[PDB]
Structures are given as structure tokens and as C-alpha cells.
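Given next, in C-alpha cells, is a single chain: the form deposited without adenosine-5'-diphosphate.
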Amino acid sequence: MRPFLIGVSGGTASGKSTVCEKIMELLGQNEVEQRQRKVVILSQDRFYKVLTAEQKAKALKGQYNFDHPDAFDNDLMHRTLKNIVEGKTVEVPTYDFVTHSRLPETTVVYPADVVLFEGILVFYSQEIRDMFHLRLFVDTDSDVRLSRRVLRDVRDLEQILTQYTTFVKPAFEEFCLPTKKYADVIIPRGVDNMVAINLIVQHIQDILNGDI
């Protein structure tokens, strides 16, 4: 099928996104302007909702759940994917993590042969789930993920930790972890796993070469 949709899920900082980046790099695709690419990465976090005045006020005081499925603009996500699958050019938002808002300009995604769709909840809903030709889950222990997440989020410590305890952990466990059962292939660790990456890279090259 064209485009071939590969779903990649896992907890935040599992390596789901490092793996996709690594795949693009090894394919040489990251050295090519967006419009000329045959392989594309799509993150679920581009589809976070624009917050209302008061959801925003909850977010500053660390009391808004970004790991609940309702945190995502699912309708937009689904229609975007449904257009990618139909082989069309789509416009895609950019999300500002600091200003919990969606940026003025959109990103243009031209038809690809392969789409890497990554995110914490890309297997949650059956509509999206059934769109994948291959479903990957990057399985990394929570304590390891929290250390990467913590390191990445220092760029306040206490509120990072409080928010993870109250919201991220419970929601990962209720919504994200149960979706592991849909994975075709489980990739442990993340970008460390070069043999796993190469297996997927080789599969993608067969698709691009037309060896299937």
C-alpha cells in the first residue's frame, strides 16, 4: 500500500522519536528539503489542542493533563492522516510547548512513500490504529524515561516532578501502556538499539526500491 504507514508509540522519552530521527538519518532523508522527501516523520504532539484561557491558566499552575487522549485534537489528527493515506498534500500545525499554543504558520507535508507516525497515543483509537501497516512500540522502563524527560525539561524541577506524579504517570499507565498489546514489534531501549533500527531501515528500503 502507498503510502506505507508505520506507527511508533511508547511513553514520552522512550526513544520513539529518537528511533524515527535515526531512521530518517540513515535513509539520508534528513538531508533533503521537506518537499523532496520520500520518507516523512509525523508527531502526534503537533496535534495538541489550542487551550482555552482557563485550561491555559491550569497549565501554568501545572494542573493540566497533557497525557490524556482528550488533550489531543483527534478530529484534526484523523483527517490529516486520512488525507495522507489518500496520497494528498496536507498542512500540519506546530505546537509551542512553552506557550501551550499553536504557532502562526503550518508545515506542508507532500505525499510520501513512507510515513513514520510517532506519539504516546497513536494506537489508542481504533480508527487511527487500523491505518497502520506496521505498528512499533518502543518499550523503555519508566524510571529511565523519567530521567531523560527530567533532563530535557530543565532547559522548574519540582513542578516537573509533581506534574509527572499527578498526571503523566497515571495517564501513561491508563491510556498509553495498555496500547502495547497492539504492537507488531516491540523495540526495547530506544536509539541504542541499532540492530532494530537497521531492520526497519532495510524494510523501508525494500519499499522504496520496490522489492515489495
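Just count from 1 along the sequence shown to find any residue number.
As for the form solved in complex with adenosine-5'-diphosphate, it is not shown, yet the points below apply to it.
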Ok, 152, 61, 35, 181: which has a heavy atom sitting within 4.5 Å of adenosine-5'-diphosphate in the bound PDB entry? 152
Would you mind picking the one in 196, 13, 204, 23 that has a heavy atom within 4.5 Å of adenosine-5'-diphosphate in the bound PDB entry? 13
Choose from 168 to 176, 53 to 61, 26 to 34, 183 to 191 the stretch whose residues reach within 4.5 Å of adenosine-5'-diphosphate in the bound PDB entry, heavy atoms counted. 183 to 191
Even though the partner isn't displayed, in the bound PDB entry is residue 139 close enough to adenosine-5'-diphosphate, meaning a heavy atom within 4.5 Å? no
Should residue 68 be counted as a contact of adenosine-5'-diphosphate in the bound PDB entry, where contact means heavy atoms within 4.5 Å? no
Given that adenosine-5'-diphosphate is not shown alongside this chain, does residue 49 nevertheless sit within 4.5 Å of it in the bound PDB entry, heavy atom to heavy atom? no
